[PDB]
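Asks: So I pulled this structure from the PDB, and the sequence comes with it:
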Amino acid sequence: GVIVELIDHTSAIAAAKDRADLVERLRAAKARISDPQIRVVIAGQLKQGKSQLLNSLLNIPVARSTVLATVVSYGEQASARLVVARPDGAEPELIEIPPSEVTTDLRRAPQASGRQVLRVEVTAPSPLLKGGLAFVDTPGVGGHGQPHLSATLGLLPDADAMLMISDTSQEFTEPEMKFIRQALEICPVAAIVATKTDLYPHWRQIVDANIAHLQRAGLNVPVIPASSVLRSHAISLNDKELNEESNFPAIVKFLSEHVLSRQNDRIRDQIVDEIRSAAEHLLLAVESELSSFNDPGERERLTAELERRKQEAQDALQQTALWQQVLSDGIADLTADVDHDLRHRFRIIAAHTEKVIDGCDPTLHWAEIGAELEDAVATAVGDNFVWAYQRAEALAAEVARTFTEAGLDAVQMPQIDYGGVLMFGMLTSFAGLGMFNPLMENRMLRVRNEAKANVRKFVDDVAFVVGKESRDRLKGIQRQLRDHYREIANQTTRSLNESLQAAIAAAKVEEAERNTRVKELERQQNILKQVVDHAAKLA
């Protein structure tokens with residue numbers, strides 16, 4: 001549309017002036033708006049009907065039972081790739097894979113060569129996904145041998161929305177409620193889908209009750225009833241009649257009005273700012289040369305200024321640069337603080353459990369004791385992760401201000417006279433739910449004491465496991481932010497060095513060909529300004 005033409009124009013200008021850095025930047029911006037990747041996470045516990053919901057939604061059997069996070073996005077032809085982790089927070093690796101593989105256990109897909117597979121990304125030719133919606137199927141959780149529901153939080157920082165699937169067999173359990181509040185801390189745009197309305201006749205009150213609950217508990221989430229079963233019948237008989245009846249259109253409007261529409265506005269704004277910034281980088285050299293022509297007596301101040309801003313832009317690429325110091329020290333600090341937070345939470349949990357143990361015959365309540373512990377530990381991991389996420393955002397925010405405070409992105413004339421692979425995946429704590437089940441005054445003492453001891457290592461082992469991922473995660477964040485600002489510093493360094501020589505080369509021209517040169521600089525200047533002002537307000 002207008003933006004494409006705008007991008008098109010600007011890019012053309014950047015290429016004739018040999019600004020290869022701006023063209024690629026504009027190439028990335030253009031790529032962002034056609035493949036927006038608007039990720040919507042489909043969450044919820046075991047047996048609630050999530051996968052059937054996704055299949056009924058997209059009309060395609062790509063979804064499945066699943067053991068690995070699966071991202072479904074638009075592609076004319078079916079295709080699939082594995083997102084494979086690299087050590088020490090390095091950028092994950094994409095590995096194409098034949099579609100026949102998605103059906104079974106890529107957790108240890110041979111192509112992965114023993115590395116941890118974070119997720120699978122597959123394509124599907126569903127008219128629903130063309131606009132840029134991408135659905136993240138989550139593995140089975142809440143069951144024996146499965147992750148806790150809070151493990152789903154690891155998918156949300158990179159998500160734009162969440163659909164919380166909760167079936168209508170009974171009202172919300174406490175774990176569902178704690179998870180919803182935690183999820184909203186990271187991903188505010190969310191909705192509850194009350195599934196299986198077709199199977200349970202009293203489904204109605206439960207939705208209202210749950211709805212009550214949220215308001216009473218302060219959780220702002222809309223509830224959308226639905227039946228995947230009716231939808232499936234609907235495809236078959238070509239009956240719209242059933243579709244209003246399935247209430248699936250209600251799911252789409254929320255996806256349209258609260259997810260797709262909200263995010264599209266946000267994508268256009270960042271791309272217009274990208275166009276404006278690129279144009280202004282080009283304008284700097286144009287107006288610097290103009291000043292050198294039209295105002296010869298200020299060449300000293302013009303060049304002295306430009307030289308200063310260039311060095312500062314170059315020093316910003318230094319190990320010692322304040323923004324990089326703040327970043328490096330902040331990540332190191334946050335890493336230690338996050339581990340400290342977790343172990344504080346776990347210690348509180350372990351202490352409670354040990355008291356519980358000394359209060360009964362652990363051998364007569366071991367299943368319930370184990371269950372409470374696994375839930376408490378997994379929830380603490382969730383609370384720790386949310387806290388860590390909030391602190392990382394605050395740190396990232398501080399580094400941006402620090403960068404900005406140095407004028408390392410400023411390209412106005414002096415007045416005189418992440419496109420890489422994301423690292424999001426499931427959280428990890430314990431091997432699985434229901435899997436911690438380890439081996440008169442004397443019997444009781446021996447038994448009670450051993451359980452606790454078993455409990456404290458279990459708690460310690462998880463802290464160990466969680467801490468490594470926390471560490472590599474922060475390293476990944478450090479890498480992404482560093483790459484971002486070194487790129488900007490290089491562009492700014494570049495734009496300032498062109499402006500400097502352009503001002504020098506203009507002072508060597510003679511009277512005969514200055515006026516000819518200026519006129520074309522004003523034509524050029526006017527064009528960028530038209531572009532800048534012209535696209536600045538399509539905000």
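Replies: Noted; the coordinates are in hand. Residues are numbered from 1 along each chain as shown.
Asks: How about the contacts made by the residue lying closest to residue 437 once chain neighbours are set aside?
Replies: Among residues not flanking residue 437 along the chain, residue 370 sits closest, at 5.9 Å (CB to CB, 6 or more residues apart in numbering). Quick note: C-beta positions are derived from backbone N, CA and C, even for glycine. Taking CB atoms under 8 Å, 6 or more residues apart in numbering, we find residue 370 in contact with 434, 436-437.
Asks: Would you mind measuring from residue 271 to residue 323?
Replies: 25 Å (CB to CB, to the nearest Å).
Asks: how many neighbours does residue 482 have?
Replies: Neighbour count for residue 482, taken as other CB atoms under 10 Å: 16.
Asks: I'd guess residue 302 is in a helix, am I close?
Replies: Yes - the assignment for residue 302 (DSSP: H, G, I helix; E, B strand; the rest coil) places it in a helix.
Asks: what's the burial count for it?
Replies: Residues near residue 302, counting by other CB under 10 Å: 23.
Asks: Equivalent analysis for residue 114, please.
Replies: Residue 114, neighbours per other CB under 10 Å, totals 7.
Asks: And for it, nearest residue in space, chain neighbours not counted?
Replies: residue 108 (7.9 Å).
Asks: State the distance from the one you found to residue 84.
Replies: 11 Å.
Asks: ditto for residue 161
Replies: 26 Å.
Asks: How about residue 23?
Replies: For residue 23 relative to residue 84 (CB to CB), the value is 31 Å.
Asks: Please, which helix or strand holds residue 421?
Replies: Here residue 421 sits in a region with no helix or strand, counting by DSSP states H and E.
Asks: Same check on residue 131?
Replies: Counting by DSSP H and E, residue 131 is part of no helix or strand.
Asks: Chain neighbours aside, what residue packs nearest to it?
Replies: residue 260 (5.8 Å).
Asks: pretty sure the one you found is in a helix, no?
Replies: Yes - looking at residue 260 with three-state DSSP, it is inside a helix.
Asks: show me the contacts for it.
Replies: Counted by CB under 8 Å, 6+ apart, residue 260 has contacts 38, 131-133.
Asks: again, but for residue 96
Replies: 79-81.
Asks: For the stretch 51-200 of the chain, just list every one of the strands.
Replies: Secondary structure of the stretch 51-200 of the chain, counting by DSSP state E, counting those that start in this stretch: strands at 70-74, 80-84, 93-97, 117-124, 133-137, 161-167, 190-195.
Asks: quick one: the third one to chain centroid distance?
Replies: Right, the one you point to is strand 93-97. Chain-centre distance of strand 93-97: 20 Å, with CA atoms, centre = their mean, to the nearest Å.
Asks: so what strands line up beside it?
Replies: Applying DSSP bridges to the sheet, strand 93-97 is found paired with strand 80-84 (antiparallel).
Asks: and the angle for the partner strand with strand 117-124?
Replies: 160 degrees (axes from the mean of the first three to the mean of the last three CA atoms, to 10 degrees).
Asks: what residues does strand 80-84 touch?
Replies: Under CB under 8 Å, 6+ apart, the answer for strand 80-84 is 92-99, 101-102, 106, 109, 111-112, 115-123, 421, 425.
Asks: angle of it against strand 70-74?
Replies: 140 degrees.
Asks: What residues of the helix or strand where residue 380 lies count as buried?
Replies: Assigned by DSSP H and E, residue 380 belongs to helix 366-405. By 16 or more other CB atoms under 10 Å, the buried positions in helix 366-405 come out as 366, 369-370, 373-389, 391-392, 395-396, 399, 402-403.
Asks: Centre-most residue in the chain?
Replies: residue 158 (1.5 Å; CA atoms, centre = their mean).
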